[PDB]
Every structure is written in structure tokens, then in C-alpha cells.
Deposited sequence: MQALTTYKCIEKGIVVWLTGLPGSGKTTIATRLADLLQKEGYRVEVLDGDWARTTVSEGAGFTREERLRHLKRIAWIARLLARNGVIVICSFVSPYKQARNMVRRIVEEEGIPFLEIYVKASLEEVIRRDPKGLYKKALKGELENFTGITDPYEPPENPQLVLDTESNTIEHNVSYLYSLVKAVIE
């Protein structure tokens, strides 16, 4: 398919909330339909555009602005860009939104909601190793997310379906 303008889908939520799997399944659906799609996540970024440590808030902010700009270039060239980043800070996410919206590109902020208690209770191993590896910063939910995907009340498939519906309502 050859659409003039794409969109930016921003998945924000706690690590372990299952953001990437949702992003991944969404991408498969859209690609199968002929859409140009790019999934951008921290794993990818760490080795490519954001390689070079930095966990200071100044650094993460520079990292997020960079992602925002990359999503803006791709979407303005017809790509559906799906971003999966914890992006815990509201102000940071709002800065990302403005960069994308300045281009006239739709910015769909998706809150992938999971409970902090449940995420740590199911992964004591990971918490422990993050403690050993050098891991105070509370997650700030969106004030106006275009969608909230409750990963605990619904199945991954129904959540993917909810997101796919919104995407199509926007791009079709």
C-alpha cells in the first residue's frame, strides 16, 4: 500500500507490562495487509541510534527526543511507526508528542497498564539481577491516553485487537 502519511503509535508502560509483544503482534497484522511498518524499541535503540549508555534523566530525555524525531521522519514518509519504550515521565512523553504532532502526524499514546505489585511478584529473579547490575522514579500514567490496554483484565489478543481497531480507524 502507498499512503501519503503514516502515524506514530506510542506504547508506554512498566517493564514487564508486555508492551513489545503487543507492538510485535500489531506490526505483523499491519504488514500482512501491505503497510510499511517499523517497530522501534529500547533493545533496538541500545545497539543502534542510542548506543552509548546514559541513564541520567538528561540522557533519557535526549534519547526520547531522538526517537521522536526518527518516528517523525518515517511517518511523514508513509510509515506506521510503532514505538515501545517504558517512557515513565509524563513531561518526556509530552515532549515526544509535540515533536510528532508538529508534523501533522497522528500520535496515539497507548497506556499499556499493569500493576507494579504484580510485575515484581512474578519476576523476583529480574528485580534481583537489576539490583546486581545497577538497575525512586515512579511511573506517571498519561493524563489523556488515546487508549488504555489493561494487561491484567484482558488477554494479549483482545488488547492487540483493541489497538488494531484504533489504528485502522485512523489509517483506513
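- No alpha-carbon coordinates exist for the deposited sequence positions 1-7, 143-149, given here in order along the chain.
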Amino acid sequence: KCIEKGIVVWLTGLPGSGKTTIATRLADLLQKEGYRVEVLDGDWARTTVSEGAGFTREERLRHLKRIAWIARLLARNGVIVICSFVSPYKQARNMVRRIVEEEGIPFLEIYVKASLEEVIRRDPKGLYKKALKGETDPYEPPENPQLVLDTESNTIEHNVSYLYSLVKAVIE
From here on, numbers count along this sequence of modelled residues.
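- Legend: mean Cα B-factor per stretch from the PDB entry, 5-13 versus 149-157; the higher mean is in 149-157.
- 119-127 and 63-71 differ in mean CA B-factor, and the higher of the two is recorded for 119-127.
- Per the deposited record, the Cα B-factor of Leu26 falls in the lowest third when ranked against the other modelled residues of its chain.
- Annotation for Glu38: CA B-factor lies in the lowest third of the chain's modelled residues.
- When the CA B factors of the chain's modelled residues are split into thirds, the value for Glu51 lands in the highest one.
- In this PDB entry, the Cα temperature factor of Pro142 sits in the middle third of its chain's modelled residues.
- Among the modelled residues of its chain, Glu109 has a C-alpha B-factor that falls in the lowest third according to the deposited record.
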